Structure formats: structure tokens, C-alpha cells
Amino acid sequence: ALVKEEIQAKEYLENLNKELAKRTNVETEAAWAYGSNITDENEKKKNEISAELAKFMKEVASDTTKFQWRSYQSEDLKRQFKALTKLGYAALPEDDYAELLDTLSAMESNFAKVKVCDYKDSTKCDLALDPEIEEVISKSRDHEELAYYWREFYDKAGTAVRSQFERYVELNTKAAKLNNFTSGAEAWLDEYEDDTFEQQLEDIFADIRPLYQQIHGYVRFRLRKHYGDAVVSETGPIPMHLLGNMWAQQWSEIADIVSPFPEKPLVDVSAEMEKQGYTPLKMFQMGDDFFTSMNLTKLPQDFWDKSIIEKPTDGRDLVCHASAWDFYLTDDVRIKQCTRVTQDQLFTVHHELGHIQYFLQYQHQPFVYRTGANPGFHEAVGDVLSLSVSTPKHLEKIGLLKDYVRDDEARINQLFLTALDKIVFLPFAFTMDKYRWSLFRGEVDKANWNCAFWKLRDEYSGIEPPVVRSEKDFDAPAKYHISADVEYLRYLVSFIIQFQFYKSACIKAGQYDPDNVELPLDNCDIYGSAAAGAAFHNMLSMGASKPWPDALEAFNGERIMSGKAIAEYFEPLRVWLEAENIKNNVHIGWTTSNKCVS
Ligand SMILES: *[C@@H]1O[C@H](CO)[C@@H](O[C@@H]2O[C@H](CO)[C@@H](O[C@@H]3O[C@H](CO[C@H]4O[C@H](CO)[C@@H](O)[C@H](O)[C@@H]4O)[C@@H](O)[C@H](O[C@H]4O[C@H](CO[C@@H]5O[C@H](CO)[C@@H](O)[C@H](O)[C@@H]5O)[C@@H](O)[C@H](O)[C@@H]4O)[C@@H]3O)[C@H](O)[C@H]2NC(C)=O)[C@H](O)[C@H]1NC(C)=O
Ligand SMILES: C[C@H](N[C@H](CCc1ccccc1)C(=O)O)C(=O)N1[C@H](C(=O)O)C[C@@H]2CCC[C@@H]21
Ligand SMILES: *[C@@H]1O[C@H](CO)[C@@H](O)[C@H](O)[C@H]1NC(C)=O
Ligand SMILES: *[C@@H]1O[C@H](CO)[C@@H](O)[C@H](O)[C@H]1NC(C)=O
Ligand SMILES: [Zn+2]
């Protein structure tokens, strides 16, 4: 009967979890070796271990049907068994799984090996995205130079893998249906355990959208004064190569030319970092210090011994795109980052260390629970710290910001600077998955795949390519996450919920009072707050043991994803910016782009 079986099932799960952790450790090591050192030998090794683990998962999924798990009394045991039914790609027949793995590594390695020629010297053709091309995109204000690097990169990282991407969509769809989801869109959405999740995001996005339109309008106005009306039109989408980022996902690199008050200070601490002799090691030690100051977990010795925190100086190929790794043992956690000494990189260091902290907080959990409450939670942790490290308050403490007077106009500059990252990112993040959902669901014919991409980038972000594109190009995979098959909705969710976490953490730290002008949300520093740390410990140690609303409740008593906190943060900017656009008769909104020929 069921009473004896449930007792046996508990013993089965305890053993199986340990076995899965150990088998996944082996797969992860292989994936790490390939990511740090791209070779045909390492690819073969990585993909063969994965096929072996997939085969074992099939046996596991099959074995769950032998247990009457849906009949059990324990919610915890049922939740664990349910986790074990979720095969994903491992549901594919042996040969199809092997083909998908070959397709995925072909795309990620193509991206990682992209090299372009120097604009000024066609002899020098060893310029990688990280750091060479990104340096030019972020620093150059020569629109024809920017356009050149845009075209070269997108042609190599995007168009070159069209056929591979098509096969990936086919196999992703096949895998989803084998798991009885309609498509890979629904498979991705299952991670959020909420049948109204899409609508919830539409609703939140609609509330923030008008603020984005105002920022867009003002930035376009300021770019016209810089580049002139031949380069930037008043009424059209912004030419994306002028926004200081290869994908126009963040605009903070052009802050010096679009800032509300150019005679008042704009925080940019890169020069001081360099002056004070900062290194990648110091940046990571500072990040570690922040976490420990909050009474959270110190980085283990394995992290320092095994991480790769600087780009290797031999001729080898690797994935430089920053990442954090869990090896599912004890204290074996690693970062791989091609760290540069800049302000934005300091934020990225904290982002990645947020992942590491999460890994450490839930490593005592059974294997199936050793992941985020939802994917957005994992992305939010580090960004919460980054919000406080970016404050004038904190940057002055660590001696990176000198002779700073925090008047109303400096405050507006800082809010605007933050918005150029945080608000600008929202429509970007939404479109990355909206696009892939539409392909996964079979809503766009293959003949229209590229213009379907640029249509969304137009509709939501109001940006366009610097040159005319067509269905002869394929631009989506020029973004890492698209080439590497990493779901993007996590970042949209993160950018919303991180303000929920930040606001609550700041109240707990005594750093925010809505009725005290001395304690504004935009100058909150949670450094050294054990009270904020405690809330994180309560939430992060849970892992995926409970549905995400219970994890949020453990942090601050709330159970709902809400746009209230992000709106509250930027409210002073909104009021000012609305008035400023009216003062300057700034055109808001945009005409449909002519940059993608059907
Ligand atoms: C995605 O959805 C799929 C459905 O679209 C689903 O596929 C179905 O899975 C079922 C297994 O859960 C499977 O059901 C079995 O069918 C066998 C015969 O099917 C054949 O004939 C049918 C023609 O009429 C065709 O439609 C099929 O294609 C096949 O040719 C049965 O022999 C089998 O039975 C046995 O198992 C049941 C289940 O027992 C359960 O557990 C305990 C036993 O330990 C019971 O006490 C309990 O009550 C419960 O019933 C026993 O009752 C029985 O005695 C037999 O031992 C079973 O019904 C079905 O064939 C399959 N396909 C289709 C088209 O329906 C996928 O599994 C889903 N995938 C995922 C990942 O979720
Ligand atoms: C740098 C970071 N990269 C990693 C990608 C994660 C990953 C890496 C490899 C395989 C699967 C997932 C991350 O930590 O999420 C990243 O791409 N982004 C996103 C991005 O740059 O697109 C925005 C997020 C806010 C700050 C940086 C974060
Ligand atoms: C990269 O891998 C090759 C074999 O594929 C190995 O011989 C070499 O040591 C690795 N290089 C580095 C720098 O680790
Ligand atoms: C630090 O954390 C421990 C347990 O994680 C807790 O017992 C202790 O009270 C914390 N320190 C402070 C000052 O709250
Ligand atoms: Zn992340």
C-alpha cells in the first residue's frame, strides 16, 4: 500500500539526488573545460558526457512511473518527483539529442571565434568582440566607424549560423512536444510555475512603457544635437549603432553626451579605478567583502584556485562571455570572466558573485532543489548589490568618487544614468524571448524570420540597424544568449524583481524612508547590513524547494511580482523628464522602420 511505498520513495529520492549531483558534476567539468578552451577534442568530450547523462535521465523519468507519487501525502516528495519528470532535451531519441548538441556547440563556438578586421587597417584581422569591438562600440563617436563594426560583427555572429539555428528550432520543438508542451516557449515558461505569467509581464511592461518612451524621446533629441539630423531623424527609430552597445540593450556608455545636466557631475569611476591600481583580483575581493559584510557566505578556497578572472594570453579560443558555475559538490563554485578594469565590469563582477552566493546558500538542498526559486531570482541577487555599489554614497566610501556634491541636478544625472541601464533594458529583454517564442510556436514562416526580429526591435525598443538588412541576413544569433540557447525572460523578471528586493533590503537596513528626504531609495547602500543579509539568507537557502512566491514571502512577506518598486525608484526622474520633454518640445514615439526589406 501507499504508506510503505512513500517511506521507500523517500529513500529512493535521497540516493538518486546524490547520484544525479555526482553525474552532473562530471558533465559540468566537461562543459567547463570546453568553455575555457574551445577545441574539437573538448567539444567531443563535452557532448559525449551529455549524451551519457541524457540516457540516464530517460531511465530516471521512466522509473518515476513505478511510484504512485501523485498519491503521496508529502508535498515535498511530490515536488521532487515532479522535478524528475522534466527531461527537457533529454527526452529526444539518442541520435536527435546528439545532433542538437552538435548544433548548439557549432553556434556557441562560432560566436566565440568571431574575428573582424580593423576599420583603419585591413591587415589586422584579429579583433574579437571582447574586448576589441566592444571597446570601439562603447567609445567611438564616429558613426561610419560604428556602422562598419556593427555590420562586420552581425554578418559573422548572426548570418553565418542561420542553417544551424533553423535545425535547433526544429529539435527544440521536437523536445518540447515529447515532454507534451506545445512548444519550447511553454517549456521555458514552465520554470515560472504560473499559468498567467505572460499576462503578468505584459501588464507590468505596459505600466513602465511610457517612461521608456520619454527616455527614448530625450535620448534621440540629444543625439540629434551631437550627430546632426542627417544621422538621426526626429521622428524615426534610433540608429542602434549610436547607443554605445552592440545590441542597444544598455545605453549608459553614451551618458556623457545625453546627460540632463552636462555641467553637473556624472558618475564614471573607471579612470579612478585605473589610477588606484585596481586589478581583476581586487574587484572580486571587493565583491566578496560586500557579501561578507552583510553576514553572507565568504568565497571558498576552490573559487580562488579554479576561477578564470582574466582573459588568457595564449592563442586559445574560449567563451569570454562572463558566467558563474556550480559543480554540485561542496564549495566547488567558479567564475569565468574576461575581466576589465571599468565601472560596468565592477557591476558584472557583483552580478556573477550573486550567482555564486546563491549556489553556496542552497548547496545543502537535495540536487533537484539546487537551483533558483525561478530563473529571474538567480539573476536578481547580484544586481541588488550592484544597485547599492553604484550609488554615490557607496562609491565615496571606497574612494572611487571624489569631490561629489549631491544637489538636485546631480541626482537627476544619476537617476538618468541608472535608467539608461535599467529601463532601456526592459523592452530589449522582452523582445529576445518574444521573438524566440514566435519561432518556437511556429507563428513566423522561415522566409520572414529576420524581418520578424527587426520588427520587434522596432515595435518595442524604437531602434533599427545602421544599414538596410533583409532575409539574406540573419541577425538574432549575434546576441550571445540566442547563439548559446539561454532563455532571456529571466532578465526581464530580474530587472523588475531586483527593485522589490532592493526596496525591502533598504527598509530593513534603515537606509530608506519614503517620508524622509535624507534617505532616498536611489542613494541606499546596504553594505554591512546584517538585517538585509538575513532576508537574503532566508530566501536563497530555500533554492527551488518551494514555489517562487514562498521564496519571495521568506524575503519580505510579499507573494506577488510587482512593478511598484521600480516605478517608485524612478518616480523623481519620471516627473522631471516629462517636464523636460515638454519644455523642449521633444517628439515622443516613432515611425515604422525602413531598415528591413521583406
Ligand atoms: C504525453 O502524452 C501522451 C498521450 O498523448 C502519453 O502517452 C501515453 O502514456 C500512457 C502511459 O501513461 C500510455 O498508456 C498505456 O497504454 C497501454 C496500451 O496503449 C496501446 O494501445 C492504445 C490503443 O487503445 C494506443 O493508444 C497506444 O498507442 C498503445 O498502442 C496500456 O497497456 C497501459 O496500461 C498499463 O498501465 C496502466 C497504468 O497504470 C498506472 O499505474 C498503476 C500500475 O502500477 C495503476 O495501479 C494505476 O491505476 C495507473 O493506471 C495500468 O492501469 C495497466 O494495468 C497496464 O499495466 C497504459 O494505459 C499510452 O499508451 C501513451 N500513449 C497514448 C497515445 O495514449 C505520454 O506518456 C505523455 N508524455 C509525458 C512525458 O508525460
Ligand atoms: C554577463 C551575463 N552572462 C551570464 C550568462 C549565463 C549563462 C552562461 C552560459 C550558459 C548559460 C547561462 C549571466 O550571468 O547571466 C549576462 O549576459 N547578462 C545579461 C546580458 O549581458 O545580456 C544582462 C544581465 C545583467 C548584467 C549582466 C547579465
Ligand atoms: C586546450 O586543450 C588542448 C587539447 O584539446 C590541451 O592540450 C591544452 O593544454 C589546452 N590548453 C590550455 C591553455 O589549457
Ligand atoms: C550572522 O548569521 C548567523 C547565522 O547565519 C546569525 O545567527 C547571526 O545572528 C548573524 N549575525 C548578525 C549580526 O545578525
Ligand atoms: Zn546572471
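Because only heavy atoms are used, hydrogens play no part in the values below, and waters and symmetry mates are left out as well, while side chains stay in. All residue numbers in this chain count up from 1 along the given sequence. Note that ligands are numbered from 1 as they come in the structure, with each ligand's atoms numbered from 1 the same way.
- Rounding to 10°, one obtains 100° for the angle at the Zn ion (ligand 5) between NE2 (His355) and NE2 (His351).
- The aromatic ring centres of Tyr460 and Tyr212 sit 6.0 Å or more apart.
- With salt bridges taken as basic N to acidic carboxylate O contacts below 4.0 Å, one links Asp96 and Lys174.
- Considering backbone and side-chain atoms alike, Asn179 places every N or O at 3.5 Å or more from each N or O of ligand 1.
- Ring geometry for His481 versus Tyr488: interplanar angle over 60°, hence perpendicular rather than tilted (30 to 60°).
- Residues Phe501 and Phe377 bring their aromatic ring centres within 6.0 Å.
- Using a 4.5 Å cut-off on side-chain heavy atoms (C-beta onward), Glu191 and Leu489 make no contact.
- Residue contacts with ligand 1, taken as heavy atom pairs separated by less than 4.0 Å, do not involve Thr65 at all.
- Ring pair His378/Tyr358 is tilted by interplanar angle, where 30° to 60° counts as tilted.
- Coordination check, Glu379 versus the Zn ion (ligand 5): passed, since an N/O/S atom of the residue sits under 2.8 Å.
- Checked for salt-bridge contact, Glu75 and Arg79 miss the test: no charged N lies under 4.0 Å from a carboxylate O.
- Neither the backbone nor the side chain of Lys66 has any atom closer than 4.0 Å to an atom of ligand 1 (non-hydrogen atoms only).
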Could you tell me, for ligand 4, which of its N or O atoms are under 3.5 Å from any protein N or O, listing the pairs and their distances rounded to 0.1 Å?
from, atom 1, to, atom 2, distance (Å)
ligand 4, 2 (O), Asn295, ND2, 2.3
ligand 4, 11 (N), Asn295, ND2, 2.7

